[PDB]
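Visitor: This is the structure, below, for whatever I ask next.
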Amino acid sequence: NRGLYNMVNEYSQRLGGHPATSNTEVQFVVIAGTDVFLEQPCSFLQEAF
Amino acid sequence: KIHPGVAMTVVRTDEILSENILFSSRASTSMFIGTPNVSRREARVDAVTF
Amino acid sequence: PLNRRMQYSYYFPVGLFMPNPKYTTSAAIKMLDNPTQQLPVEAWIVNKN
Amino acid sequence: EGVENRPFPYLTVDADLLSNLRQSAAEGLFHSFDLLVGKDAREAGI
Amino acid sequence: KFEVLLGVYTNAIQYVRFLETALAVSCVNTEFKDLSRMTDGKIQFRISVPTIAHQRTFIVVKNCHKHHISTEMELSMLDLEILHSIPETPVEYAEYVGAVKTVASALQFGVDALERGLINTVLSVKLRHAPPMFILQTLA
Amino acid sequence: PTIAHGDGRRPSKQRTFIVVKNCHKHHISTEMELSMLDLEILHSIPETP
Amino acid sequence: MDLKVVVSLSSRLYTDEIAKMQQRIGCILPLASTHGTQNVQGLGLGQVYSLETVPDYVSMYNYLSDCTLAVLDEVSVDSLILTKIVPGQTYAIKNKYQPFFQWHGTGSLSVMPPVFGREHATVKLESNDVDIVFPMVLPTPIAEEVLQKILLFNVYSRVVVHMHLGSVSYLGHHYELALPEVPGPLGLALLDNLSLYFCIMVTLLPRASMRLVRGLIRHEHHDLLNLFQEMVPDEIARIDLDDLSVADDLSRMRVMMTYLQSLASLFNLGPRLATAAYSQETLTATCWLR
Amino acid sequence: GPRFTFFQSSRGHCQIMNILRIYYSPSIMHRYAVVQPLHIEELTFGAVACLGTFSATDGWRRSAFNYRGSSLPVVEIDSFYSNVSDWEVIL
């Protein structure tokens, strides 16, 4: 909610909007960050298609 | 949600931010450029404002 | 200064009524209603988005 | 803020640094900045 | 151990002369040194209109219209009292140089804002006499 | 810089930003192994083929 | 110090409006900002005093104390110039006001919303489609008389004597002034604060002075006493029945003089001009802002 | 107990006592409701005084004042022209 360019740097820098894991049979919540590269537009604009 | 005995024609205004193009022909306007004279408005107690 | 904001005007009727010799210039619209006894009550408008 | 307001041999470059700057800095793109308007826009005393 | 200061930088504020852009192709310019003493300026047009055998002259007047523009630079009383005085010690010379750079940069900023406001007033008065395209497509 | 304006507006008296940029410092570490068996023979000199 | 505000009109100006404005050179005009150049909107008292039937004088006072003040010296076509009045400088203010109030030698001037009509002190500018009206500048006692006449018509409105109140009287001439009907919430808030002041006056007022004036009306007749018509009011009778004590009187006067200074400052609305050496032959006065 | 407040305004003294009476409008009836002014001297609701003028544009930039232990917020009026005045009572 606060800032707009700092929202962009929050999007790009560490990107923890609590995403799911990958290459597992069922998705867990990822804890170890910046090992699997993710990108979350849904955690930026809060919608769903 | 039944219809009343009358209708309405909803008028509204929609603002559109455009990107204009201004053309102007050669020598359309003769202008005189003055002299940039400098002055002193206010001697405020720490800063003077020119 | 050039990036100006022209504003137009839009208008549309809500809840009009066709005259009694009704008709249709379509094929693939079938409404489960008596067609000679239907009139609108709302108007649908498409938004900016 | 970590910005030092000291005088400096400011190297003058020609790139258009202030391309949509005030609306960027008011929203806080930079981690730590300082805006000096008016009488504070000078060199500081040594 | 040390903290490194990897060079300071600043923008070299390029002065934008009114003739250095192509907006001056629209307008012929004359340095008139006494516009404060010009209360009015008019132009007569005698347009002789010929006829067609199967006589009119439309005397029209156009008047000038002045445009006063002025920003406000601001300078502290610190870098004037230290400016008028004479430096003796080299730290006061390094201070006096910074003070005169501040004052000269503010004055150069002032004339730069004036030469930008000139382009702004030219661009505005070229809008004030500019009807839109869909009218003059038919009117011409 | 600013623009001197004809209308009476609140004039921005010589705005100047002083921004800084901190460096990003991060190190890279490889871990190259080297056996001591082909290292103890590196000190001597050969005399037999 | 350079005090010169050039106000560029956004359009031209005809010769009749030029000749009407040129008569009002030297009259005080208010301004929107204090900057170098200004547009014509915000100039004058016309933005708060619209072209309507209903005035509101106290809102024009609240405007006038808020805005700055300037004097009109040069008017041309497409642009007119003004000279600001900043405190600390000394100005020559000419008496170019049509209801001619004669000015006192080293008295005190006082600016004022236009009490003698909209059409009287105005210039009609159809060319820039706005109106510049001119605030009245009159001396401070006649200004107090006008202000109290306005408040007295505001309080006597639910009673009714009209022309005995709705017309100011000066030695040069007596003048009629425009009387509105309701000042809205602001004039009533001014009357509210003055009602607080008056009611707390009739709380803490001393009683020995009533005991003076009750016997004094019975003793002496004066022009300070003729308005009672040799009839002591009944409140003097039903308050003077108590005794007299000097200690409570000195306790009462230490709040009386404490409140009367603030009551005096409840009539300092609108900025005040301190003048000096007004010549009656050139109609100008070396004056500065107080 | 009494309070020492500070008010910044861009208006006149005639405006400032009216708007300060309006600002203190709950507090006067508060002090009246908890304590009846039984004597004549308790009527005064304090006074105000103009401390001087400053520029209305870059006035009152907020800053902080640090002691060794703590830090409170404090306003920082810059380029003040000090000019005291006598006390004008509020009622």
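Chains as they are written, first to last, in UniProt numbering: chain A, 1284 to 1332; chain B, 1037 to 1086; chain C, 396 to 444; chain D, 5 to 50; chain E, 51 to 104, 113 to 198; chain F, 100 to 148; chain G, 1 to 160, 172 to 301; chain H, 274 to 364. No residue lacks a Cβ here, since even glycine has one placed at the ideal position from N, Cα and C.
Is the number of C-beta pairs between the segment 182 to 198 of chain G and the segment 53 to 72 of chain G that are closer than 8 angstroms three or more?
Guide: Taking 8 angstroms as the limit for Cβ pairs, the verdict is that the segment 53 to 72 of chain G does touch the segment 182 to 198 of chain G.
Visitor: Return helix, strand or coil for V118 (chain E), following the three-state DSSP convention.
Guide: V118 (chain E): strand per DSSP, three-state reduction.
Visitor: Considering only the beta carbon of each residue, do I177 (chain E) and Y154 (chain E) sit closer than 8 angstroms?
Guide: Not a contact, by the Cβ cut-off of 8 angstroms.
Visitor: In terms of alpha-carbon separation, which member of E:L55, E:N121, E:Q64, E:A198 lies closest to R174 (chain E)?
Guide: Among E:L55, E:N121, E:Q64, E:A198, the Cα nearest to that of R174 (chain E) is on E:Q64.
Visitor: Spatial neighbours of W360 (chain H) within its chain, please: C-beta separation below 6 angstroms, excluding the five flanking residues on both sides.
Guide: Counting only Cβ-Cβ distances below 6 angstroms, and skipping sequence neighbours, we find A320, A322.
Visitor: Can you tell me whether residue 166 (chain G) is buried or exposed? The criterion is at least 16 other CB atoms within 10 Å of its CB, across all chains shown.
Guide: Any question about the placement of residue 166 (chain G) has no answer from these coordinates, since chain G jumps from 160 to 172.
Visitor: Run through DSSP, which three-state label would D137 (chain F) get?
Guide: If DSSP states are grouped into helix, strand and coil, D137 (chain F) belongs with the helices.
Visitor: I'd like to know whether the C-beta atoms of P30 (chain G) and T68 (chain G) end up nearer to each other than 8 angstroms.
Guide: In this structure, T68 (chain G) lies closer than 8 angstroms to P30 (chain G) by Cβ.
Visitor: For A1063 (chain B), return the contacting residues in chain E, with the cut-off set at a CB-CB distance below 7 angstroms.
Guide: Those within 7 angstroms of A1063 (chain B) in chain E are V78.
Visitor: Checking contacts by CB at 8 angstroms: is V1084 (chain B) closer than that to chain H?
Guide: So no, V1084 (chain B) is outside the interface.
Visitor: Against chain B, with Cβ distances strictly below 8 angstroms, would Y354 (chain H) count as a contact?
Guide: By this cut-off, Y354 (chain H) is an interface position.
Visitor: Do you know how far the Cα of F134 (chain G) is from the Cα of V7 (chain G)?
Guide: Those two C-alpha atoms are separated by around 16 angstroms.
Visitor: With 16 as the cutoff for other CB atoms within 10 Å, does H187 (chain E) come out buried or exposed?
Guide: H187 (chain E) should be labelled exposed.
Visitor: Taking all protein chains shown into account, decide if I117 (chain E) is buried (16 or more other Cβ within 10 angstroms of its Cβ) or exposed.
Guide: Counting Cβ neighbours within 10 Å, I117 (chain E) comes out exposed, since fewer than 16 surround it.
Visitor: With distances taken Cα to Cα, identify the nearest neighbour of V5 (chain G) among G:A19, G:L271, G:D129, G:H35.
Guide: Residue G:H35 is the option with its Cα nearest to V5 (chain G).
Visitor: List, in order along the chain, the chain H residues whose C-beta lies closer than 7 angstroms to that of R1080 (chain B)?
Guide: Those within 7 angstroms of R1080 (chain B) in chain H are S328, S352.
Visitor: What in chain F is Cβ-close to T179 (chain E), meaning under 7 angstroms?
Guide: Result: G105.
Visitor: Using CA coordinates, which residue listed in G:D245, G:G117, G:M112 is at the minimum distance from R283 (chain G)?
Guide: Out of G:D245, G:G117, G:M112, G:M112 has the C-alpha closest to the C-alpha of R283 (chain G).
Visitor: Among the candidates E:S163, E:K51, E:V169, E:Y151, whose CA atom is the shortest distance from the CA of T115 (chain F)?
Guide: Considering only alpha carbons, the answer is E:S163.
Visitor: Check the Cβ-Cβ distances between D170 (chain E) and every residue of chain D, and say whether any is below 8 angstroms.
Guide: Chain D, which has no Cβ nearer than 8 angstroms to the Cβ of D170 (chain E), makes this no.
Visitor: Please report the distance separating the alpha-carbon of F407 (chain C) from that of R46 (chain D).
Guide: Going by the C-alpha atoms only, they are around 60 angstroms apart.
Visitor: By alpha-carbon positions, which one of A:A1331, A:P1302, A:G1286 ends up nearest to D1318 (chain A)?
Guide: That would be A:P1302, whose Cα lies nearest to the Cα of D1318 (chain A).
Visitor: For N1289 (chain A), would you say it is in contact with chain D, using Cβ-to-Cβ distances shorter than 8 angstroms as the test?
Guide: Chain D contact via Cβ: present.
Visitor: Quick check on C323 (chain H) - is its C-beta less than 8 angstroms from some C-beta in chain G?
Guide: No, because no Cβ of chain G sits closer than 8 angstroms to the Cβ of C323 (chain H).
Visitor: Is there contact here, the segment 405 to 419 of chain C with the segment 1042 to 1057 of chain B, by at least three beta-carbon pairs under 8 angstroms?
Guide: With a cut-off of 8 angstroms, the segment 1042 to 1057 of chain B and the segment 405 to 419 of chain C count as touching, because enough Cβ pairs lie within range.
Visitor: Considering only DSSP beta bridges, list what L1053 (chain B) is partnered with.
Guide: According to DSSP, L1053 (chain B) bridges with C:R400.
Visitor: Tell me whether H104 (chain G) sits in a helix, a strand or coil according to DSSP, three-state version.
Guide: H104 (chain G) falls in the coil class under three-state DSSP.
Visitor: Is there a C-beta anywhere in chain B that falls below 8 angstroms from the one on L133 (chain E)?
Guide: It does: the Cβ of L133 (chain E) has a partner Cβ on chain B nearer than 8 angstroms.
Visitor: Which two residues bound the contiguous alpha helix (DSSP H) that contains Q27 (chain D)?
Guide: From DSSP, the alpha helix (DSSP H) with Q27 (chain D) extends over 26 to 29.
Visitor: Cβ of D90 (chain E) less than 8 angstroms from any chain D Cβ?
Guide: Chain D contact via Cβ: absent.
Visitor: Quick check on this structure: which residue in A:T1304, A:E1322, A:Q1323 has the alpha carbon closest to the alpha carbon of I1314 (chain A)?
Guide: Checking every option, the nearest Cα to that of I1314 (chain A) belongs to A:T1304.
Visitor: Using a Cβ cut-off of 8 angstroms (strictly closer), state whether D2 (chain G) contacts chain E.
Guide: So, not an interface residue.
Visitor: How would you call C287 (chain H), buried or exposed, if buried means at least 16 neighbouring beta carbons within 10 angstroms?
Guide: Burial call: buried.
Visitor: Using a Cβ-Cβ distance cut-off of 8 angstroms, determine whether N24 (chain D) contacts chain F.
Guide: For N24 (chain D), the answer is no, since every Cβ of chain F falls outside 8 angstroms of its Cβ.
Visitor: Whole angstroms are fine: how far does the CA of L125 (chain G) sit from the CA of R118 (chain G)?
Guide: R118 (chain G) and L125 (chain G): Cα-Cα distance of roughly 14 angstroms.
Visitor: Determine which residues of the segment 153 to 169 of chain E have a Cβ less than 7 angstroms from any Cβ of chain F, and write them out in chain order.
Guide: Result list: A164, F167.
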